$ cat final12.tsv   # TSV, N, CA, C and O atoms
chain	number	residue	atom	x	y	z
A	1	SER	N	12.04	-7.48	-12.44
A	1	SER	CA	10.60	-7.64	-12.58
A	1	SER	C	9.96	-7.59	-11.21
A	1	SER	O	8.73	-7.68	-11.07
A	2	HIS	N	10.78	-7.39	-10.18
A	2	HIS	CA	10.19	-6.81	-8.97
A	2	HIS	C	9.42	-5.52	-9.32
A	2	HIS	O	8.29	-5.34	-8.82
A	3	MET	N	10.01	-4.64	-10.13
A	3	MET	CA	9.38	-3.32	-10.42
A	3	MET	C	8.07	-3.53	-11.19
A	3	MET	O	7.05	-2.91	-10.91
A	4	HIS	N	8.12	-4.47	-12.11
A	4	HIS	CA	7.01	-4.81	-12.95
A	4	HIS	C	5.86	-5.34	-12.11
A	4	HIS	O	4.73	-4.88	-12.28
A	5	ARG	N	6.13	-6.29	-11.20
A	5	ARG	CA	5.07	-6.81	-10.30
A	5	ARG	C	4.42	-5.74	-9.41
A	5	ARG	O	3.22	-5.77	-9.20
A	6	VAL	N	5.18	-4.79	-8.89
A	6	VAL	CA	4.60	-3.80	-8.01
A	6	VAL	C	3.70	-2.85	-8.83
A	6	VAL	O	2.53	-2.62	-8.49
A	7	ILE	N	4.23	-2.31	-9.93
A	7	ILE	CA	3.55	-1.21	-10.60
A	7	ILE	C	2.29	-1.65	-11.34
A	7	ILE	O	1.33	-0.89	-11.45
A	8	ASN	N	2.29	-2.87	-11.84
A	8	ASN	CA	1.11	-3.42	-12.50
A	8	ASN	C	0.19	-4.18	-11.57
A	8	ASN	O	-0.80	-4.74	-12.01
A	9	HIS	N	0.50	-4.21	-10.28
A	9	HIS	CA	-0.40	-4.84	-9.33
A	9	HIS	C	-1.82	-4.27	-9.39
A	9	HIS	O	-1.97	-3.08	-9.40
A	10	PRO	N	-2.86	-5.13	-9.40
A	10	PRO	CA	-4.24	-4.57	-9.39
A	10	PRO	C	-4.52	-3.56	-8.26
A	10	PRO	O	-5.38	-2.68	-8.41
A	11	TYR	N	-3.84	-3.70	-7.12
A	11	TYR	CA	-4.12	-2.76	-6.02
A	11	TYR	C	-3.20	-1.53	-6.08
A	11	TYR	O	-3.35	-0.59	-5.32
A	12	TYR	N	-2.24	-1.55	-7.00
A	12	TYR	CA	-1.41	-0.39	-7.21
A	12	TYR	C	-2.09	0.62	-8.14
A	12	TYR	O	-2.32	0.32	-9.32
A	13	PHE	N	-2.37	1.80	-7.62
A	13	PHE	CA	-2.89	2.90	-8.41
A	13	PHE	C	-1.86	4.04	-8.42
A	13	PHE	O	-1.31	4.45	-7.38
A	14	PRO	N	-1.63	4.59	-9.60
A	14	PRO	CA	-0.67	5.68	-9.73
A	14	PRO	C	-1.22	6.97	-9.17
A	14	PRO	O	-1.29	7.95	-9.87
A	15	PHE	N	-1.59	6.97	-7.89
A	15	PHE	CA	-2.13	8.15	-7.25
A	15	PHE	C	-1.11	8.76	-6.31
A	15	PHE	O	-0.40	8.03	-5.67
A	16	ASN	N	-1.16	10.08	-6.12
A	16	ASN	CA	-0.54	10.65	-4.95
A	16	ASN	C	-1.48	10.48	-3.72
A	16	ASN	O	-2.51	9.78	-3.80
A	17	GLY	N	-1.10	11.03	-2.59
A	17	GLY	CA	-1.85	10.77	-1.34
A	17	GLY	C	-3.24	11.40	-1.33
A	17	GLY	O	-4.23	10.73	-0.96
A	18	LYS	N	-3.32	12.66	-1.75
A	18	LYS	CA	-4.60	13.37	-1.98
A	18	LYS	C	-5.57	12.61	-2.92
A	18	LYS	O	-6.72	12.42	-2.57
A	19	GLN	N	-5.09	12.16	-4.08
A	19	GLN	CA	-5.95	11.46	-5.04
A	19	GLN	C	-6.38	10.09	-4.49
A	19	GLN	O	-7.50	9.66	-4.69
A	20	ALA	N	-5.50	9.40	-3.79
A	20	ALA	CA	-5.88	8.14	-3.13
A	20	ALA	C	-7.01	8.34	-2.15
A	20	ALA	O	-7.99	7.58	-2.16
A	21	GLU	N	-6.92	9.38	-1.33
A	21	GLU	CA	-8.04	9.80	-0.47
A	21	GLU	C	-9.29	10.02	-1.27
A	21	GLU	O	-10.35	9.49	-0.92
A	22	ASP	N	-9.18	10.83	-2.33
A	22	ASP	CA	-10.33	11.09	-3.21
A	22	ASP	C	-10.98	9.83	-3.77
A	22	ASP	O	-12.19	9.67	-3.72
A	23	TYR	N	-10.17	8.93	-4.28
A	23	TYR	CA	-10.71	7.63	-4.73
A	23	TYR	C	-11.37	6.83	-3.58
A	23	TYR	O	-12.38	6.19	-3.78
A	24	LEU	N	-10.79	6.88	-2.38
A	24	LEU	CA	-11.35	6.09	-1.27
A	24	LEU	C	-12.64	6.63	-0.74
A	24	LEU	O	-13.37	5.92	-0.09
A	25	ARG	N	-12.96	7.88	-1.05
A	25	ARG	CA	-14.24	8.47	-0.61
A	25	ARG	C	-15.47	7.67	-1.00
A	25	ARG	O	-16.37	7.51	-0.22
A	26	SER	N	-15.51	7.14	-2.21
A	26	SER	CA	-16.66	6.33	-2.63
A	26	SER	C	-16.48	4.83	-2.29
A	26	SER	O	-17.32	4.00	-2.65
A	27	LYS	N	-15.39	4.46	-1.61
A	27	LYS	CA	-15.21	3.09	-1.15
A	27	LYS	C	-15.63	2.98	0.30
A	27	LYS	O	-16.17	3.94	0.90
A	28	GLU	N	-15.37	1.81	0.89
A	28	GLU	CA	-15.85	1.51	2.25
A	28	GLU	C	-14.71	1.52	3.28
A	28	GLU	O	-13.54	1.53	2.91
A	29	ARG	N	-15.05	1.54	4.56
A	29	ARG	CA	-14.05	1.48	5.63
A	29	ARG	C	-13.10	0.30	5.46
A	29	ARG	O	-13.53	-0.84	5.29
A	30	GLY	N	-11.80	0.56	5.52
A	30	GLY	CA	-10.85	-0.51	5.42
A	30	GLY	C	-10.36	-0.74	4.01
A	30	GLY	O	-9.37	-1.45	3.83
A	31	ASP	N	-11.04	-0.21	3.00
A	31	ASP	CA	-10.47	-0.24	1.65
A	31	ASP	C	-9.19	0.57	1.61
A	31	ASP	O	-8.94	1.40	2.47
A	32	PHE	N	-8.40	0.30	0.59
A	32	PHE	CA	-7.06	0.83	0.51
A	32	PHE	C	-6.55	0.69	-0.93
A	32	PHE	O	-7.12	-0.04	-1.75
A	33	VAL	N	-5.48	1.42	-1.22
A	33	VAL	CA	-4.68	1.26	-2.42
A	33	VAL	C	-3.20	1.31	-2.02
A	33	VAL	O	-2.80	1.95	-0.99
A	34	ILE	N	-2.39	0.66	-2.83
A	34	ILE	CA	-0.97	0.97	-2.92
A	34	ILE	C	-0.91	2.08	-3.96
A	34	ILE	O	-1.52	1.96	-5.02
A	35	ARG	N	-0.15	3.14	-3.70
A	35	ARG	CA	-0.10	4.31	-4.57
A	35	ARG	C	1.34	4.85	-4.57
A	35	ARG	O	2.26	4.28	-3.90
A	36	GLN	N	1.57	5.94	-5.28
A	36	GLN	CA	2.93	6.50	-5.35
A	36	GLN	C	3.11	7.67	-4.36
A	36	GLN	O	2.16	8.23	-3.82
A	37	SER	N	4.37	8.03	-4.19
A	37	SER	CA	4.82	8.97	-3.20
A	37	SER	C	6.01	9.69	-3.77
A	37	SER	O	7.02	9.06	-4.03
A	38	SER	N	5.92	11.02	-3.92
A	38	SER	CA	7.06	11.82	-4.44
A	38	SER	C	8.00	12.43	-3.43
A	38	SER	O	8.44	13.52	-3.65
A	39	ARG	N	8.41	11.71	-2.40
A	39	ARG	CA	9.43	12.26	-1.46
A	39	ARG	C	11.08	12.13	-1.52
A	39	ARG	O	11.80	13.21	-1.58
A	40	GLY	N	11.75	10.95	-1.44
A	40	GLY	CA	11.25	9.75	-0.86
A	40	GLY	C	11.51	9.88	0.62
A	40	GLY	O	11.03	10.83	1.25
A	41	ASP	N	12.30	8.96	1.16
A	41	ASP	CA	13.11	8.06	0.36
A	41	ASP	C	12.43	6.87	-0.26
A	41	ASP	O	13.12	6.03	-0.84
A	42	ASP	N	11.09	6.84	-0.18
A	42	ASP	CA	10.28	5.74	-0.65
A	42	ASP	C	9.25	6.26	-1.63
A	42	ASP	O	8.58	7.29	-1.35
A	43	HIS	N	9.10	5.52	-2.74
A	43	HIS	CA	8.21	5.90	-3.82
A	43	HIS	C	6.85	5.15	-3.74
A	43	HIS	O	5.93	5.40	-4.51
A	44	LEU	N	6.73	4.22	-2.79
A	44	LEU	CA	5.48	3.48	-2.63
A	44	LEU	C	4.83	3.91	-1.32
A	44	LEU	O	5.55	4.28	-0.39
A	45	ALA	N	3.49	3.85	-1.24
A	45	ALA	CA	2.83	3.99	0.05
A	45	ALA	C	1.52	3.24	0.04
A	45	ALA	O	0.95	3.00	-1.03
A	46	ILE	N	0.99	2.94	1.23
A	46	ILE	CA	-0.40	2.47	1.40
A	46	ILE	C	-1.26	3.59	1.98
A	46	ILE	O	-0.86	4.25	2.95
A	47	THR	N	-2.45	3.74	1.42
A	47	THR	CA	-3.43	4.65	1.94
A	47	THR	C	-4.70	3.84	2.15
A	47	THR	O	-5.10	3.11	1.27
A	48	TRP	N	-5.34	3.98	3.30
A	48	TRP	CA	-6.58	3.28	3.55
A	48	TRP	C	-7.54	4.10	4.34
A	48	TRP	O	-7.15	5.03	5.03
A	49	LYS	N	-8.81	3.73	4.26
A	49	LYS	CA	-9.89	4.52	4.82
A	49	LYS	C	-10.24	4.06	6.22
A	49	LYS	O	-10.68	2.95	6.42
A	50	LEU	N	-10.02	4.92	7.20
A	50	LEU	CA	-10.47	4.64	8.57
A	50	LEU	C	-11.94	4.93	8.87
A	50	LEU	O	-12.55	4.29	9.73
A	51	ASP	N	-12.50	5.91	8.17
A	51	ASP	CA	-13.87	6.32	8.40
A	51	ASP	C	-14.23	7.36	7.37
A	51	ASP	O	-13.40	7.69	6.50
A	52	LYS	N	-15.44	7.91	7.49
A	52	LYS	CA	-15.84	8.95	6.57
A	52	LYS	C	-14.92	10.14	6.75
A	52	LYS	O	-14.89	10.77	7.80
A	53	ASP	N	-14.13	10.39	5.72
A	53	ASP	CA	-13.25	11.56	5.67
A	53	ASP	C	-11.99	11.41	6.53
A	53	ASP	O	-11.33	12.40	6.84
A	54	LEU	N	-11.65	10.17	6.88
A	54	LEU	CA	-10.45	9.92	7.68
A	54	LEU	C	-9.60	8.78	7.09
A	54	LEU	O	-10.10	7.66	6.87
A	55	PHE	N	-8.32	9.08	6.88
A	55	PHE	CA	-7.44	8.22	6.13
A	55	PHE	C	-6.13	8.02	6.87
A	55	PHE	O	-5.75	8.85	7.69
A	56	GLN	N	-5.49	6.89	6.60
A	56	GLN	CA	-4.17	6.61	7.14
A	56	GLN	C	-3.24	6.44	5.99
A	56	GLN	O	-3.63	5.85	4.99
A	57	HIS	N	-2.01	6.91	6.15
A	57	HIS	CA	-0.99	6.77	5.12
A	57	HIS	C	0.26	6.15	5.69
A	57	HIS	O	0.76	6.58	6.73
A	58	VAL	N	0.79	5.14	5.00
A	58	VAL	CA	2.05	4.50	5.41
A	58	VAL	C	3.04	4.28	4.26
A	58	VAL	O	2.66	3.88	3.16
A	59	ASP	N	4.30	4.54	4.55
A	59	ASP	CA	5.38	4.40	3.59
A	59	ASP	C	5.72	2.93	3.43
A	59	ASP	O	5.70	2.18	4.40
A	60	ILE	N	5.98	2.51	2.21
A	60	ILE	CA	6.52	1.17	1.96
A	60	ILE	C	7.97	1.33	1.53
A	60	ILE	O	8.23	1.97	0.51
A	61	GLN	N	8.88	0.81	2.37
A	61	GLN	CA	10.31	0.91	2.17
A	61	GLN	C	10.76	-0.26	1.31
A	61	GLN	O	10.31	-1.40	1.47
A	62	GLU	N	11.69	0.04	0.41
A	62	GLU	CA	12.17	-0.92	-0.55
A	62	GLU	C	13.65	-1.06	-0.35
A	62	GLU	O	14.41	-0.10	-0.51
A	63	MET	N	14.06	-2.27	0.04
A	63	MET	CA	15.46	-2.60	0.32
A	63	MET	C	15.90	-3.85	-0.45
A	63	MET	O	15.05	-4.63	-0.90
A	64	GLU	N	17.21	-4.04	-0.58
A	64	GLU	CA	17.78	-5.21	-1.26
A	64	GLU	C	18.15	-6.33	-0.29
A	64	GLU	O	18.32	-6.09	0.90
A	65	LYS	N	18.24	-7.55	-0.81
A	65	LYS	CA	18.81	-8.68	-0.06
A	65	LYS	C	20.26	-8.87	-0.48
A	65	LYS	O	20.83	-7.98	-1.10
A	66	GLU	N	20.85	-10.03	-0.17
A	66	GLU	CA	22.18	-10.38	-0.69
A	66	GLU	C	22.39	-11.89	-0.75
A	66	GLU	O	23.45	-12.40	-0.39
A	67	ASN	N	21.38	-12.59	-1.26
A	67	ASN	CA	21.22	-14.02	-0.97
A	67	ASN	C	21.42	-15.05	-2.10
A	67	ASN	O	22.36	-15.85	-2.05
A	68	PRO	N	20.51	-15.05	-3.10
A	68	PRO	CA	20.47	-16.17	-4.06
A	68	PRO	C	21.54	-16.07	-5.14
A	68	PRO	O	22.28	-15.09	-5.19
A	69	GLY	N	15.42	-10.76	-4.78
A	69	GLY	CA	15.78	-9.45	-5.33
A	69	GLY	C	15.60	-8.31	-4.33
A	69	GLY	O	16.57	-7.85	-3.73
A	70	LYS	N	14.35	-7.87	-4.17
A	70	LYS	CA	14.02	-6.80	-3.23
A	70	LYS	C	13.04	-7.22	-2.14
A	70	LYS	O	12.39	-8.27	-2.23
A	71	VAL	N	12.94	-6.39	-1.11
A	71	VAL	CA	12.15	-6.69	0.08
A	71	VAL	C	11.40	-5.42	0.50
A	71	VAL	O	11.96	-4.32	0.46
A	72	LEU	N	10.10	-5.58	0.80
A	72	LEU	CA	9.26	-4.46	1.22
A	72	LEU	C	9.18	-4.43	2.72
A	72	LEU	O	9.17	-5.49	3.38
A	73	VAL	N	9.20	-3.22	3.28
A	73	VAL	CA	9.19	-3.05	4.74
A	73	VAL	C	8.13	-2.01	5.12
A	73	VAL	O	8.16	-0.85	4.67
A	74	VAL	N	7.14	-2.46	5.89
A	74	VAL	CA	6.03	-1.60	6.26
A	74	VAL	C	5.91	-1.64	7.76
A	74	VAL	O	5.71	-2.70	8.36
A	75	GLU	N	6.06	-0.47	8.36
A	75	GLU	CA	6.15	-0.34	9.81
A	75	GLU	C	6.96	-1.48	10.40
A	75	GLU	O	6.67	-1.95	11.50
A	76	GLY	N	7.99	-1.92	9.67
A	76	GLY	CA	8.96	-2.86	10.24
A	76	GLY	C	8.57	-4.33	10.27
A	76	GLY	O	9.18	-5.12	11.02
A	77	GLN	N	7.55	-4.72	9.50
A	77	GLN	CA	7.37	-6.12	9.08
A	77	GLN	C	7.97	-6.22	7.68
A	77	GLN	O	7.77	-5.33	6.83
A	78	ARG	N	8.75	-7.27	7.44
A	78	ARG	CA	9.34	-7.47	6.13
A	78	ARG	C	8.35	-8.25	5.27
A	78	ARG	O	7.57	-9.04	5.80
A	79	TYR	N	8.35	-8.00	3.96
A	79	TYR	CA	7.49	-8.72	3.02
A	79	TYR	C	8.27	-8.90	1.72
A	79	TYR	O	9.14	-8.08	1.43
A	80	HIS	N	7.94	-9.92	0.91
A	80	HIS	CA	8.58	-10.07	-0.40
A	80	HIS	C	7.92	-9.15	-1.35
A	80	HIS	O	8.56	-8.38	-2.10
A	81	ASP	N	6.61	-9.26	-1.34
A	81	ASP	CA	5.85	-8.81	-2.46
A	81	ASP	C	4.71	-8.01	-1.93
A	81	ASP	O	4.45	-7.97	-0.73
A	82	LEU	N	4.01	-7.39	-2.83
A	82	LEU	CA	2.84	-6.70	-2.47
A	82	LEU	C	1.83	-7.72	-1.92
A	82	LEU	O	1.04	-7.40	-1.01
A	83	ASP	N	1.85	-8.92	-2.47
A	83	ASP	CA	0.79	-9.87	-2.22
A	83	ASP	C	0.55	-10.12	-0.73
A	83	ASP	O	-0.59	-10.15	-0.31
A	84	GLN	N	1.62	-10.31	0.03
A	84	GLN	CA	1.51	-10.58	1.45
A	84	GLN	C	0.98	-9.35	2.15
A	84	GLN	O	0.26	-9.46	3.14
A	85	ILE	N	1.35	-8.18	1.63
A	85	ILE	CA	0.80	-6.91	2.15
A	85	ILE	C	-0.71	-6.81	1.91
A	85	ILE	O	-1.47	-6.52	2.86
A	86	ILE	N	-1.15	-7.05	0.67
A	86	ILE	CA	-2.56	-7.01	0.34
A	86	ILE	C	-3.32	-7.97	1.24
A	86	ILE	O	-4.37	-7.63	1.75
A	87	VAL	N	-2.79	-9.17	1.44
A	87	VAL	CA	-3.44	-10.13	2.32
A	87	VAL	C	-3.77	-9.53	3.71
A	87	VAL	O	-4.89	-9.67	4.20
A	88	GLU	N	-2.83	-8.83	4.31
A	88	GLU	CA	-3.03	-8.32	5.67
A	88	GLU	C	-4.01	-7.15	5.78
A	88	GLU	O	-4.83	-7.11	6.69
A	89	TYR	N	-3.95	-6.23	4.85
A	89	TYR	CA	-4.88	-5.11	4.80
A	89	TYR	C	-6.30	-5.51	4.38
A	89	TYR	O	-7.21	-4.70	4.50
A	90	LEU	N	-6.47	-6.74	3.89
A	90	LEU	CA	-7.78	-7.25	3.56
A	90	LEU	C	-8.33	-7.94	4.79
A	90	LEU	O	-9.52	-7.84	5.10
A	91	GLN	N	-7.45	-8.65	5.50
A	91	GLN	CA	-7.79	-9.24	6.78
A	91	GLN	C	-8.11	-8.12	7.77
A	91	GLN	O	-9.01	-8.26	8.60
A	92	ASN	N	-7.35	-7.03	7.72
A	92	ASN	CA	-7.67	-5.83	8.49
A	92	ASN	C	-9.12	-5.45	8.23
A	92	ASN	O	-9.94	-5.52	9.12
A	93	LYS	N	-9.43	-5.08	6.99
A	93	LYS	CA	-10.78	-4.71	6.58
A	93	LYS	C	-11.82	-5.73	6.99
A	93	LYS	O	-12.93	-5.34	7.39
A	94	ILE	N	-11.45	-7.01	6.91
A	94	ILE	CA	-12.28	-8.13	7.32
A	94	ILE	C	-12.74	-8.05	8.76
A	94	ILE	O	-13.93	-8.30	9.02
A	95	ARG	N	-11.86	-7.74	9.70
A	95	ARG	CA	-12.23	-7.95	11.13
A	95	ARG	C	-13.24	-6.90	11.68
A	95	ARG	O	-13.60	-6.90	12.87
A	96	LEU	N	-13.69	-6.03	10.77
A	96	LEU	CA	-14.77	-5.06	10.99
A	96	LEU	C	-16.15	-5.71	10.93
A	96	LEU	O	-16.39	-6.74	11.56

$ encode --input "final12.tsv" --output "structure tokens"
Amino acid sequence: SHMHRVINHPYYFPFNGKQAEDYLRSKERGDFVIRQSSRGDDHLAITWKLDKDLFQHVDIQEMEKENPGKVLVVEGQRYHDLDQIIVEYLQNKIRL
């Protein structure tokens, strides 16, 4: 239910990178979605709006633990869940 939490997340949209850009066009600077990625080695990504017609894209890496399920890795900060990720990209948008 790691998979279940990610895919049904309110900020998760089943978009590719182009469509995420398209959706962000009518949003504001710093808005973002978690969306899908057909490469991989990662099937998740973040896309967010830097400015009018300018976007950033980042891969979300999904790895296992070996302890007690999965762990998200974005530019090399580890996270459990999308939630901690959403928190930071909202604080990002905030400091504008």

$ residues_around --input "final12.tsv" --residues "segment 28-31 of chain A" --least-positions-apart "2" --cutoff "6 Å" --atoms "all atoms listed in the file" --output "list in words"
residues 24, 25, 26, 33, 47, 48, 49, 50, 51, 89, 92 and 93 of chain A

$ closest_atom_pairs --input "final12.tsv" --of "segment 38-92 of chain A" --to "segment 5-20 of chain A" --cutoff "7 Å" --atoms "only N, CA, C and O atoms" --output "Markdown table"
| residue | atom | partner | partner_atom | distance |
| --- | --- | --- | --- | --- |
| A:38 | N | A:16 | CA | 6.6 |
| A:43 | O | A:15 | O | 7.0 |
| A:45 | O | A:13 | O | 6.9 |
| A:47 | O | A:20 | O | 6.3 |
| A:82 | N | A:6 | CA | 6.3 |

$ atom_distance --input "final12.tsv" --atom1 "atom CA of residue 86 of chain A" --atom2 "atom CA of residue 54 of chain A"
20.1 Å

$ atom_distance --input "final12.tsv" --atom1 "atom CA of residue 53 of chain A" --atom2 "atom CA of residue 96 of chain A"
17.5 Å

$ select_by_dssp --input "final12.tsv" --residues "chain A" --states "strand (DSSP E)" --output "VMD selection string"
chain A and resid 32 to 36 44 to 51 54 to 64 70 to 74 77 to 79

$ select_by_dssp --input "final12.tsv" --residues "chain A" --states "alpha helix (DSSP H)" --output "number ranges by chain"
A: 2-7, 17-24, 82-94
